[PDB]
Structure formats: structure tokens, C-alpha cells
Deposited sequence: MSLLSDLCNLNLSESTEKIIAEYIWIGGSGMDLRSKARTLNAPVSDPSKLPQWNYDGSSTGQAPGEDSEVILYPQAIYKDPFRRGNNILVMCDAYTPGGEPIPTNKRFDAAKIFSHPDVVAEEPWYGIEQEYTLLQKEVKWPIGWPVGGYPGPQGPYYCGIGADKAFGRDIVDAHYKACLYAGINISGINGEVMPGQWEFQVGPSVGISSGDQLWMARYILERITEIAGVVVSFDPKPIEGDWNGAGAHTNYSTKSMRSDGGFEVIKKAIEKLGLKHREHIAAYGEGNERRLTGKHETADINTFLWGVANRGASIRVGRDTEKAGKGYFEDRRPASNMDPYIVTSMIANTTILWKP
């Protein structure tokens, strides 16, 4: 009657060489996030050598009826916090076939903004601040002053923090809040496009951890959960809003 926990943790270096990999892309609605997996071969740490892939976009909800096929590309390579070992999560972005951004991409524009000379000569360290809430599934409300930096499912938050440490993303620090079940973590001085990458990946990791643990987070402005973006520069040195938009617009407007 065990929840298969004897499995799901097998060592792979003793049986085979193939390593699983999952492809995560932004969904059609702008906040939905969906993924499916494929095997791979001998591990490498260079995203350029990973093969491309596609999927059915109209089924997700970001591609037309006839042009469901929308290609994705590999650019970010990290570790896996739910199937340990050498398994890898890769943050792929949605594209209408032919190289042009999909209508709901908002990734190529950020790439060109942060690759523009006035920005790439600088170091747009965007320590964006993200905060959320952990309610439930059965009641969709938080468990149960002192709550700020306080005791409602702290194990979930500790698991998320340690999984983020393990994965390799740049996270800095967790913090509680007065409103029940509310926390926030800092990602520190990372590149704006990279900062959007880690924000999306960390939201996915949180969603998976909660669904494992028996709860669901609600990334909404009011469950208050929002976003604030700090800016660091070479000269200096909403809970569902797109991180690339806020990070890129600061780089575009300020520079």
C-alpha cells in the first residue's frame, strides 16, 4: 500500500546510461505551465548540443488550429529536485515554427533587450522579489503579527528552499509574513533574462512540491502576493506578471 516510494529513487549509474529530461514551456494562458519528458544520452553541461523538439500547441492553447506544431529550443540546463541523480530540467520557450516568437513568447524581446550594447555592456543584475501563498486543495485556504517570520506547513517552504539550493538556481533568502501562509524568497543579483528563467523555474518547482505535499499555491495579486524588481548596474556595482517584461523594461527605460 506504499506510495511506490521504494521505486522513484533508483540509481541509474548501475543499470543503464540514459538520463530522463523534461521540457518546460510557458502555457497559452500566460500563467499556465505544462511539461512532458524525454530520455537522453551521455550527460553534457552545454545547452547548445541538446536536440530541439516540438509539441501540439493548439492542445496547450498558444498555437492556431492548423499550426499546432510549435518548435522549442534548449537554452537552460540545471538539475532535478524530484527525480534526483543526473536528471535535468530545461527551460524551453514557445515559438511559432520558422524562428519567429509565438504570440505569448515574451522571451526573444527580452533576449534582444539584454543583448543590446547599452545593456550587455552593463550588468543588469535584477534581484527581483517574488512572494506567494500556500493554501490547500481541500479547503484552498491557509493552514490554521507573530506569523511574520514565525508555522503553517513550514516543511513545504524548507523543502522548496533546499530543492532550489540543490538545483543550482540563484536563490538568496526566505521570509515569512503576517498574512497566514505567506512567504517570499530572493534570487539576488542575476541577469534579467536569467532572472526571468529562475523565477519561472522556481514557480514550477513550488507547484510540483505543493502538489506532492497535498496543497496548491495561488500565484495571484491577492490570494498580498506580488513582484518587485531591484536593479544593479556596472556603474552601481503581481505574483503572475512576466518577469522578463519588468526586467527588460527597466533596462530599456533606464538605459
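Numbering the deposited sequence from 1, which residue ranges have no coordinates here? Unobserved in coordinates, per deposited numbering: 145 to 154, 161 to 165, 239 to 244, 259 to 334, 353 to 356.
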